[PDB]
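A lone chain, given as structure tokens: the form deposited in one PDB entry.
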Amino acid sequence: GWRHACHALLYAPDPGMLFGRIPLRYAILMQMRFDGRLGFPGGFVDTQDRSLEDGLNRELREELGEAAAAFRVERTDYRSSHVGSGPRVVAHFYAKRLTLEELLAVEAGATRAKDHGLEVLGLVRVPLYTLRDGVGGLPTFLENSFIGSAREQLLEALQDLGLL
């Protein structure tokens, strides 16, 4: 009764400075899904059909569009897997490093994706900083509604990037 899902964290180094003083340090992409939840691009895969990577890339093509096709996710991009508590779902986390130019191309092409304005409501970047009040930024972002396993995938990546 176990189902499998794959999700891709696309990221790029970013030298931008919010208000000219807060280092962004990385652009990381999330999608707002049709159900009103934020998560990483991807979804369920039929592991009877091909492999985990084929399933993931299939989903990304529909959600991100042709512009994302040049940046296929491979086995070496696999990071970890996760089981929560609700239904019997194993989520598989992939991280894909892009240049910021490439990540911008993904963002720019997303409006032409088959899913734009349908299964995908839009893309957003994750604010990695915390603002002066100790609440604005990442902590408030994390109070939004998320797809199962998305919070865990993000926090793992932030640890991996030495931002913990």
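Basically, rigid core = biggest C-alpha set you can superpose within 1.5 Å across the two forms. Residue positions are given as counts along the sequence shown, with the first one as 1.
Here the subject shifts to the form deposited with a small molecule bound, a form of this protein not shown in this document.
- In the bound PDB entry, no residue of the candidate spot (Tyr26, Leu128 and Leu161) has a heavy atom lying within 4.5 Å of the small molecule.
- Using a 4.5 angstroms limit between non-hydrogen atoms, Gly43 touches the small molecule in the bound PDB entry.
- The shortest heavy atom separation between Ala5 and the small molecule in the bound PDB entry is within 4.5 Å.
- A residue is said to contact a partner when one of its heavy atoms sits within 4.5 Å of a partner heavy atom; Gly39 meets this definition for the small molecule in the bound PDB entry.
- At the 4.5 Å threshold, heavy atoms of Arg33 reach the small molecule in the bound PDB entry.
- With the core superposed, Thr47 shows a C-alpha displacement of at least 2 Å between this form and the one not shown.
- Panel note: the distance between the CA atoms of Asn144 and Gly86 is larger in the bound PDB entry than in this form, the difference being 3 Å or more.
- In the bound PDB entry, the Cα atoms of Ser85 and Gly137 sit 3 Å or more farther from each other than they do here.
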